[PDB]
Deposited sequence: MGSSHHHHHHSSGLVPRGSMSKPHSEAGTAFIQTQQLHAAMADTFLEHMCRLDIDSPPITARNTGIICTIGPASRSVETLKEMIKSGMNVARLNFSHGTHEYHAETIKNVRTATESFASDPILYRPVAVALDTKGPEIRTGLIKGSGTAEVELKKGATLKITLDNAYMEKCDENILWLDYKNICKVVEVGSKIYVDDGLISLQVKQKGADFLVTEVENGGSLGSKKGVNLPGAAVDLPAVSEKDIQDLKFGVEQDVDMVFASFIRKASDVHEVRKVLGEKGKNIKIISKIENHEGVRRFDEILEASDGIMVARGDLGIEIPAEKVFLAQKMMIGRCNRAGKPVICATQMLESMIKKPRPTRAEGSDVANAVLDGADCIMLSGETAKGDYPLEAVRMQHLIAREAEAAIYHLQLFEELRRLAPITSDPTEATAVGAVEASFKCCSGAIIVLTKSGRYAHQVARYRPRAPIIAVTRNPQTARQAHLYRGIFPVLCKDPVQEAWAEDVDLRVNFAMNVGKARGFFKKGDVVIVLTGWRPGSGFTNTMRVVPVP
């Protein structure tokens, strides 16, 4: 009864524009997005978020992956976090229609450089003043006696790799020092950018060839623990070259062979060697915290868009990480730059976006999760699928693989009929991954009986995993019908589609494979 003033939902007017410029001109704050949200949300768990009750609310707010940061905390601490994540996750298991799989990710310490404890209790801070002198020492007598005159750090070969004139950054790159004099086991520096220095802060040596192992002996101990704890994926810090990825993967052994290996790119060499790292990895994290200290801050966006582009081209998951909503550690709503950053990461093509301090330590963890969910959904509607889908195909090789032809045909069909979902029956995840790489607008409901598949599927844009708990039916067609009906019930319950809407169904392995059907929702 309103009239022609009706506004197309999910930016459909912008979607039909013949140019990218006119696409932008048509973006409409009054065009509401669809219910489905395709970008995975990864949350770092810490003191602010590790209670079972908070974790339940984080799952409800949209958390898909729990990130454990092994730069901090002992093994018992992480074991208890994992236990709590699973308690919270399985509290929803009585209703398989609404249960959300939640993945567990181990983020390695890796070749970090860290300072010591400020003298006193270690909880105090000292003020470093611009122009003052600061001695860096390796003598362990000072490892708990750091102050404004002497700073201990844990990198035993630092004096070899730096030179007079080199810059040293401390604490998220906020403190900067210039090396004035070198010593046998010390450096004499002058404070350039001063500030308040606390304990055990990260140190970066841009332009220095740091020779710490990609995976140290202690890192291996963490990875072994991760296999014991049945984690789903490893985020490997400071990956510099393909062989670093192999050091992570091979040490997990046969028992850990299905754990996904995500290489974190956070230094100049990792960017330079990106193609060989990507080839060896299951996926990539754009780890912008260290990256933006190791290279100039003004170049990070180039590295981010390069890596997201190349991961999209290869069909491998890419995560955009660090400081996306940083002010929400202390404030209940984000800055305008932060809202923009999350939206542009999704428009760039990131499969997942991440929260670190915002959920690990901050005062508003749920609000931060909720805001990533809201922004992601708005940005997903704004993607110019007409160009993106055309380019993904053209940059995708002709192969004789029938399963790739099925996947692109399914996504093509999904665009042609504006389907409410692509339902995919998958054991390993592969069939759903193949669909996700062509970036449909519609959500991909991936039905699996494999619990690890259901958890790992969150690495891909658009894959909404659902874990089927029913016994296998002896008749294959009846087993397919059961799993398809499950996905139909999930989509109706979640508001992705309604009775009578059109969806695409990919029925997975048949004892041809992965038949496609385009059907109305029953």
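Residues of the deposited sequence lacking C-alpha coordinates fall in the stretches 1-25, 537-539, numbered from 1.
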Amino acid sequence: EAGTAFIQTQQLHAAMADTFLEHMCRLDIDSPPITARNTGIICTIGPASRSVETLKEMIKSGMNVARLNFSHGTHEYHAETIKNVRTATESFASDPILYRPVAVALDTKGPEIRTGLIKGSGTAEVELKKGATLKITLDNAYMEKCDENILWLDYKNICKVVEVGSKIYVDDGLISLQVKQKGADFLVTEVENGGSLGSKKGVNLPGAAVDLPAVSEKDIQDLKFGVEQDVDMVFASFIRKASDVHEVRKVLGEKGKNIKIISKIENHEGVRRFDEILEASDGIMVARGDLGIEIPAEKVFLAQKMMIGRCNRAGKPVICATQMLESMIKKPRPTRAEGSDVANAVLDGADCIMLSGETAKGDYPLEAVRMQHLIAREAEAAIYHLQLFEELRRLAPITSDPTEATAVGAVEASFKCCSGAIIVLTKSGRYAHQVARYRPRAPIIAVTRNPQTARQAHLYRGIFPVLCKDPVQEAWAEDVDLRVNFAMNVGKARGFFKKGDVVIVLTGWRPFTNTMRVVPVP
From here on, numbers count along this sequence of modelled residues.
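Taking the PDB entry as given, 131-139 carries the higher mean Cα B factor of the two stretches 306-314 and 131-139. Per the PDB record, of the two stretches 502-510 and 11-19, 502-510 carries the greater mean B-factor over its C-alpha atoms.
Out of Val231, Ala381, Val126, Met285, it is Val126 whose C-alpha atom has the highest B-factor in the PDB entry.
Between the residues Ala79, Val179, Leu106, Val435, the entry's highest C-alpha temperature factor is the one at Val179.
In the PDB entry, a CA B factor belonging to the highest third of its chain's modelled residues is recorded for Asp185.
Placement of the Cα temperature factor of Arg455 within the chain: lowest third of the modelled residues, per the deposited record. Sorting the modelled residues of the chain by their CA temperature factor places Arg483 in the middle third. Among the modelled residues of its chain, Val519 has a C-alpha B-factor that falls in the lowest third, as given in the PDB entry.
Among all modelled residues in this chain, the alpha-carbon of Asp30 has a temperature factor (C-alpha) in the middle third.
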